[PDB]
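One chain comes next, on its own, written as structure tokens: the form deposited in one PDB entry.
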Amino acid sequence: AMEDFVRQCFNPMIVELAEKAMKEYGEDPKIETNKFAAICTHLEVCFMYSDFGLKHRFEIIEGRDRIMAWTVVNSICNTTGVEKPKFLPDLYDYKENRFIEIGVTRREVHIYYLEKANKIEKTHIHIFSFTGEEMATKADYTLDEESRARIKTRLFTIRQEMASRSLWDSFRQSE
């Protein structure tokens, strides 16, 4: 089952967070399994991305309840002067001095890029596929190659584990 795989392939903190995220908004991870899998996969990227950092470079925003995430965002604007977003993003960059929206997609990276860019407004956008393909505003990929390489391998691995269990098709197609 998709669901089994999620518990079997993600650190509980991430599963627990993804469950909480879904079940609060009234979604069943036992039914909406592929969303469950996707939500986990996103958090993890986000956490990975965050913790590949000026010792501490990134502010993690995804993961937090909405009260916290907006505190962290309101705190950040007051002290740096960068514009407040209309939509909570995934990260802030304390070096390059901008918020980051992380996209993960099982479609072409340029398509999921444009969707993102459409929704927003001075947020750096960085998209990862599961084919180890990326795309980021002004092709500024924000991170040293070794860090970007770990994400791509992870996402690829998650693709390939799904495919062991005949899941990739379900998942690829439900975006």
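All residue numbers are counted from 1 along the displayed sequence.
Missing here is the form solved in complex with a small molecule; even so, the following discussion is about that form.
Contact annotation for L167: none of its heavy atoms lies within 4.5 Å of the small molecule in the deposited complex. Contact between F47 and the small molecule in the deposited complex is found at the 4.5 Å heavy atom cutoff. Taking the partner from the other structure, the small molecule in the deposited complex has no heavy atom within 4.5 Å of any heavy atom of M162. When the small molecule is considered in the deposited complex, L155 lies well away from it, no heavy atom lying within 4.5 Å.
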